[PDB]
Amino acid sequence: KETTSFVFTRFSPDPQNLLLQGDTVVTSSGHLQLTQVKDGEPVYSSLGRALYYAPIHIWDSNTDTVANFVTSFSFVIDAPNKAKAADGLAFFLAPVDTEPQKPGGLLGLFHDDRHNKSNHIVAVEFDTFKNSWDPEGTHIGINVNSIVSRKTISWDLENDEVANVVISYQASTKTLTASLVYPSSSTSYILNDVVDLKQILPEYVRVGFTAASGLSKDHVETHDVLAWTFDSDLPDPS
């Protein structure tokens, strides 16, 4: 049996147990600021990611076991103009050596908008801009090896409000669940889908966040993570 856990109720400057990639910085208020802010305004064409330093043991081929996990986090998206919000934020699992990919609507996750099994990516996206591949309206999506979500639900961005997210994986039913609550307005969202982690991901992954602002100067927003917990449990074989 193997377990991994961590909790951040806020972030310290120079967090050496996180891999910060692209534009990510830690604010003096203790937030993970994924996309650039200059003079209190979000900067366009910005991309930042943050991963937990330790690989997570997500499944084991020898024992044929798959881990359960649960992660919770709080985030804020602040768009100067809500109608022009772009592009969004995702929580994701990827190979240990994962590096930022294309900015904008590809969210730093993918090199292009096609499906490719060598991506080895599972993500939950909070998507604020309708790309050509997207459903109508802002939405939450479960993504497997593609920016084109396997399943989506409508989600109304509550501009500059704290969103509380829980994402969990139940290995026995191969079910990934994602929920988002805005306590400020008592609004909540949930979706779930079958995602076979053993078939999609390598045995060890890194986990974390990615976010991207829009590729034009009037389509911008901030993407801050305020707090993050993670727990994974790889059981003994039956």
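Start at 1 and count along the sequence shown; that's the residue number.
Peer 1: Please work out which of 77-85 and 145-153 has the higher mean CA B-factor as recorded in the PDB entry.
Peer 2: Here the higher of the two C-alpha B-factor means belongs to 77-85.
Peer 1: Per the PDB record, is the mean Cα temperature factor higher over 50-58 or over 30-38?
Peer 2: Comparing 30-38 with 50-58, the higher average CA B-factor belongs to 30-38.
Peer 1: Between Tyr189, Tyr182, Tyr169, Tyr44, where does the Cα B-factor run highest in the record?
Peer 2: Answer, based on the entry's C-alpha B-factors: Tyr44.
Peer 1: State the tercile, meaning the lowest, middle or highest third, of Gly104 with respect to the CA B-factors recorded for its chain.
Peer 2: Middle third.
Peer 1: Based on the entry's values, in what third of the chain does the Cα temperature factor of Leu19 lie: lowest, middle or highest?
Peer 2: Highest third.
Peer 1: Going by the recorded CA B-factors, say which third of the chain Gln199 sits in, lowest, middle or highest.
Peer 2: Highest third of the chain for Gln199's C-alpha B-factor.
Peer 1: Looking at the entry's B-factor column for C-alpha atoms only, identify whether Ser238 ranks in the lowest, middle or highest third of its chain.
Peer 2: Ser238: CA B-factor falls in the highest third of its chain.
Peer 1: Thinking about Cα B factors across the chain, which third does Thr175 belong to?
Peer 2: Tercile = middle for this residue's CA B-factor.
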